[PDB]
């Protein structure tokens, strides 16, 4: 086990090293504790839900998934949020996606109040017989369109209800699979069908204090490779023109595309972002978030340009090849330590150096900061917030495996 004295000793030296270059480590940690991550429930049960890799101990019930999310949050320092999918409804009533009621989410409101977290929401527009040739809201079939418009409206009603009960705004994220496997003839009509359907879904006004909608594009998915109706361009344009949030998932863009570039091109025009951190490995593979170039650039671009107050950070990944609870903790800690490293830069001075075109100083300093003692500040943050330091939280995972997961 890491000795708390060691953490304290390493921190006092780190505090001094950072002070010498005009950085306040105490202030950086206070900033980090204001950034909640929206932890996605569906990693816990391989997005099975309750309505309808192979590591042991998958959650099978609401109680099991709630316990698994409690365990993960207990190993993530600070206070965070949980994302639900519509299919995580908890009810003994026969429901379909077009007959869900707000009170079907009472279980999760009760849990969130006990846990002390806000909730965000996702409509479930997939894994259903009413998905016709990979299309839902923007299907050429009006029966199919009408079904999914009913689900869209219900997702807003559920979100409003949760937000009213919790006293925290529910971000209601819309993702559709809609597109073509092979090359389409008509690219225009599907996107005009989507525009009309979305305008219908958001028509009935709901209190902004309770919920606001975000819209998530994708470049391509398995079996839908050639055309995505809801493109990044379509949804940025839609978000700006309908005054809604735009969702950027770090896994859903071109090879070499840097999603951290988008923020400063959006915010002159738009309201807010839902930034979904996810690791693509050569496709939309939904690998666990790790400290890599993409995460470092996402977190430092939000910190440096002061966009955190208008940017919701959510996790999105599946990994069933590893301990599903560990997966949440790896991804959240990676995101947090990347935010903290960005906060531990002399940003005001670096901005002035850059304004004066001192590219020599900018390169030298940004490179030196990558080997400054940011880990000592992160360890101090973990310890101050009653979470295990470094390798130590593996003990907690092993105990949870023995006591809970391996007994299922």
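Numbering follows the first chain given and starts at 1.
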Unmodelled deposited residues between residue 52 and residue 53: none, 1 to 3, 4 to 9, or 10 or more? 10 or more
Taking the mean of the C-alpha B-factors per stretch from the entry, tell me the winner out of 362 to 370 and 31 to 39. 31 to 39
Is the mean CA B factor in the deposited entry higher across 180 to 188 or across 91 to 99? 91 to 99
Could you check 258, 200, 233, 249 and tell me which one carries the biggest Cα B-factor in the deposited entry? 200
Highest CA B factor of 333, 287, 300, 143, as deposited, is found at 143
Determine, from the deposited record, the chain-internal third of the Cα B-factor for residue 61: lowest, middle or highest. highest
Position of residue 107 among the chain's modelled residues by C-alpha B-factor, lowest, middle or highest third: highest
Assigned third (lowest, middle, highest) for the C-alpha B factor of residue 208: highest
Looking at the temperature factor on the CA atom of residue 71, which third of the chain's modelled residues does it land in? middle
Here the Cα B-factor of residue 311, set against its chain, lands in the third termed middle
